[PDB]
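Below are two forms of the same protein chain, given as structure tokens: structure 1, then structure 2.
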Structure 1
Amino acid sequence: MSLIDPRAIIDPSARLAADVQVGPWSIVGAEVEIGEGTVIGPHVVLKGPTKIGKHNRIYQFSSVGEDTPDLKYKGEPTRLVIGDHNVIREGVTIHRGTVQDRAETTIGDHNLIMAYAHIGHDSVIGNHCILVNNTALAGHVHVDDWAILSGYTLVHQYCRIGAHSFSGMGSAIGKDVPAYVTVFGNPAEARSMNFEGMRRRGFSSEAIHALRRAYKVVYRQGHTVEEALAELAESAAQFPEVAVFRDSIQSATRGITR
């Protein structure tokens, strides 16, 4: 046994750390860089320019670093960056960026991306996220830390998925999801907050209550989004956790001079 299967294809211009493993019938294309302790399964296609960090696991039938088919993209040298300790399951597609945004699709650390998920050009994923089977980010999607997207969740171009937020299965998301919020259906509707998530992060009980009141201000009291932001000001100064929620709504809603 060697760590790189003789049946794999490694481009001369690829750069692999010493203890990387690559399974049989995998392609590591030009300008792919792979960090210490990462494991590429069999039947994987990597394409560049792509940087993959340390201790990742990528499973069979995944195409990572492919060009978007968007007719916007004309063959420019855009990037894909993946951090550390990620798991990418079978059949996942991840596309590199486009020059019209930041020229980079980026993924953080400790993420779990389950089978057949799609991560479109220019998307940005944080840390500790979970994208369940067949979740699809159309492009330019920002997913902040600890978010969970249930299976077959679809996200339109440019949407922001907030920290600790949660989508139900078969959700079709067309607007930002504020931090902590749970959404369901097609089209997606806000229902509650992800209290399970807050429990696991060990939030105080006072903070959990504050976040429920915050939900009610925004969603259950007839406030416009402007009026809600004003009402949340007190509660956001009292609790770092509520400030995250206010900040996610703030940055979603410029509006127009009326």
Structure 2
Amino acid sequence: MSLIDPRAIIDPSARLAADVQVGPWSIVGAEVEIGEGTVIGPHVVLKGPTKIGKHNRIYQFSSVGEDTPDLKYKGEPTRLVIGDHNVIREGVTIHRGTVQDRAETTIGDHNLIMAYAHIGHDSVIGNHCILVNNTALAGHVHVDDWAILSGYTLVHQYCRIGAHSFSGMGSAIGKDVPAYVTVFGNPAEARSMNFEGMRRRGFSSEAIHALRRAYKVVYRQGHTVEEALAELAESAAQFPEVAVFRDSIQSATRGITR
């Protein structure tokens, strides 16, 4: 399934794999590597150094592997790494790393990035995440697996979005969102847990109840987070699902969304 439209500009240092497609008026820039079966639409701008894995799909008007704009981050080389089976919709902007942080922006596998979403310098996205239309990761954002950020979710620099978490549309996130937690509003506020997400992805009823207890332990009982960690220790040893919640509290860099 290989088709390179001759109206595309492929840099001589660019590398295409088996069954790669590139649509008309797209740019595949110097030091861009595209893996097996990846389909690039028309009017795409790819810049490097960038590595894209297998069976990805990048839509028109997207700018993937651009430099972060503030000419105060003005160092090179900086990397973008994209895994496999990712969908990047119309007009998505993805920026490479900065030498004054990770020197890399990282995206894993099976992610859906919907139209006009922004992924800022040095962000890390895991696997099976959904960033709905116009979601903006300001920079240095960590989104763990199965997270869903609803349309127009803004995320401040350095925030961690926990596994299976959920933001409502127009949420503005200024602190870490623990794993499984649902946040709404500007500024973002914890509501409940993504119980629906746990169910759809086959979480045991015991796991789900231990996470309902785990939520109370952290949010409702007036405990210091050290007190909360010690309280969760046992349920965390029983339930890998609770340990994921505990780990997100523990590693929270400047507080949790309350």
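Shifts are known only where both forms have a C-alpha. Heads up, when I say rigid core I mean the largest set of C-alphas that superpose within 1.5 Å between the two forms. The first residue in the sequence of structure 1 is number 1, and each one after it adds one.
**Asked** Core-aligned, is the CA shift for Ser251 between structure 1 and structure 2 2 angstroms or more?
**Response** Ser251 C-alpha, core-superposed: shift of less than 2 Å.
**Asked** Honestly, after the rigid core fit, is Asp67 moving at least 2 Å at Cα between structure 1 and structure 2?
**Response** For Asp67, whose C-alpha is compared between structure 1 and structure 2 after core superposition, the shift is less than 2 Å.
**Message:** Superpose the two forms on the rigid core and tell me the Cα shift of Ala18 between structure 1 and structure 2 in angstrom.
**Reply:** Between its two positions, the C-alpha of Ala18 lies 2.6 Å apart after core fitting.
**Message:** Can you give me the Cα shift for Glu76 between structure 1 and structure 2? Core-superposed, in angstrom, one decimal please.
**Reply:** Reported C-alpha shift between structure 1 and structure 2: 1.1 Å at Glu76.
**Prompt:** Given a rigid core superposition, which stretches of at least 3 residues have all Cα atoms displaced by 2 Å or more between structure 1 and structure 2?
**Reply:** Residues 70 to 72, 221 to 227, 253 to 258 form the runs that move by 2 Å or more between structure 1 and structure 2.
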